[PDB]
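*Asks:* Mind folding the following:
(one chain, ligands or ions: 1)
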Amino acid sequence: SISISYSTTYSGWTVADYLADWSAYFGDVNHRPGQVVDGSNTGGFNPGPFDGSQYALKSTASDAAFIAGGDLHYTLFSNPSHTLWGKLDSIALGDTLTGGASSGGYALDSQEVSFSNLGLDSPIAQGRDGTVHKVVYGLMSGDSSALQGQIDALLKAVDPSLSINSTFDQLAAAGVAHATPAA
Ligand code: MH0
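*Replies:* Numbers count the residues shown, from 1 in each chain. Below is the structure in question.
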């Protein structure tokens, strides 16, 4: 089942609350045609350059950041172009990236919430319509709807009473979430 870790700072928050709020701070890095010309809004893979167990990206509006974990692959200019696909196990959200390929891996200085054991696997054949692509490109572009939908489906798979409109606390009571110390 999905496993969620959250700082007790967000006790009382719903998952949807938090994601909407995080997305508001992160904004949109404008990773769009004609608007990616350097490393300021690409993010990066570990080990990379185009494949990794992690992909990480910091906001260009704030120091909000996320890390996607799993077995991940970006097609860049090969077909289907600009598609992230593969296995997505985790999404970790917070503030300020640290580390990298040459540091033992990426991490967040403040990791606020993470979602793991997502069990998502999108084949390259699905192109940008794959769930993995939609989830991560959504986050990059200021739209966490895809992530929210997937989390909601995973929670309801555990029990139909669970939701992204559940508080983190309720999800902990249900055995899916685990509180970590204040942020
Ligand atoms: C190797 C650097 C690099 C990384 C890392 C990178 C990471 C990501 N990308 Fe993405 N991306 C990179 C280099 C580009 C460029 C250079 C362009 C601009 C293409 C153009 O101007 O026609 C771009 N990406 C453009 C895109 C576009 C726009 C394509 C279009 O509308 O035609 C999407 C959807 C995209 N990416 C997805 C992603 C996703 C998802 C990730 C996360 C893995």
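*Asks:* and the longest helix seen in the chain, what does it pack onto?
*Replies:* The residue-count maximum for a helix in the chain (DSSP state H) belongs to helix 145-158. When contacts are defined as 3 or more Cβ pairs under 8 Å, 6 or more residues apart in numbering; DSSP states H and E, helix 145-158 packs onto helix 15-26, helix 131-140. C-beta: built from backbone N, CA, C; applies to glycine.
*Asks:* Redo those as JSON lines? Include mean neighbour count.
*Replies:* Listed next are the helices and strands packed on helix 145-158 as JSON lines, based on neighbours: other Cβ atoms under 10 Å:
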{"stretch": "helix 15-26", "mean neighbour count": "19"}
{"stretch": "helix 131-140", "mean neighbour count": "22"}
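*Asks:* residues in the protein within reach of the ligand, list them.
*Replies:* 31-34, 36, 42-43, 49, 55, 74, 76, 82, 84, 128, 133, 136-137 (Cβ under 6 Å from any ligand atom).
*Asks:* now the spatially most distant residue from the centre of the chain: how far from residue 83?
*Replies:* Within the chain, residue 34 marks the point farthest from the mean C-alpha position, 24.3 Å out by Cα atoms, centre = their mean. According to Cβ to Cβ, to the nearest Å, residue 34 stands 18 Å off from residue 83.
*Asks:* Next: residue 13.
*Replies:* 32 Å.
*Asks:* For residue 142, which residues are in contact?
*Replies:* 23, 26, 27, 28 (Cβ atoms under 8 Å, 6 or more residues apart in numbering).
*Asks:* can you give me the strands for the protein?
*Replies:* Assigned by DSSP state E, the strands in the chain fall at 3-7, 44-47, 51-58, 64-74, 84-100, 105-116, 120-122, 177-180.
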